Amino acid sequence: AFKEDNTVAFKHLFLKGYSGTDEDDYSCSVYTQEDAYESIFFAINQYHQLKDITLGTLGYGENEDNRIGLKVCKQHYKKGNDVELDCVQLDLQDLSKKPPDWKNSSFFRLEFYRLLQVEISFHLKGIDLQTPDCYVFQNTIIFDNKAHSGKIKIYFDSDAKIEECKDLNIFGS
């Protein structure tokens, strides 16, 4: 229950306007450019402020490539059927910067008519105090526009694995 129950809470934390029930194979969806932007930026802002939000026993974790914070990738048709992959890494200092210069980068000027998808990925670490067992949560938020139907499908994927209790930082401690 610990890993599965944390996944539900992550959907409520990171998916803007999540109703509490998945729409279909995806958690929720958007139909406008404004709502797509607001959902992407909400997920990033909730990650940035996670210590003042979460009710769990969690902390930030390093990614698979040792980069810290969020990896934001996007796929879009090249200007001229070829698909181009672009990624940006937003660490904790990037997200805490004032002005938050990362929001004005060219990466976030999305061209929805040729955008296939946006993916946000990050790791969280959690401790199961009720049993202690430490988990690494590999989280991915996918903004799927591959159908190009006017609807973006939003998925929250979380793979959790038991790991050694090494990372000390738990939010609120």
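In case it trips you up, residue 1 is the first one in the sequence shown, and so on.
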According to the entry, are there none, 1 to 3, 4 to 9, or 10 or more residues of the deposited sequence without coordinates between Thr131 and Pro132? 4 to 9
Count class of deposited residues lacking coordinates, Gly80 to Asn81: 10 or more
Ranked by mean Cα B-factor in the entry, 109-117 and 32-40, top stretch is 109-117
Of 160-168 and 18-26, which one has the bigger average CA B-factor? 160-168
Considering only modelled residues of the same chain, in which third does the CA B-factor of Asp144 rank: lowest, middle or highest? lowest
So where's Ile127 on the chain's Cα temperature factor ranking, which third? highest
Could you tell me which third, lowest, middle or highest, the C-alpha B-factor of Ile68 occupies within its chain? highest
C-alpha B factor of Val88, ranked within the chain: lowest, middle or highest third? middle
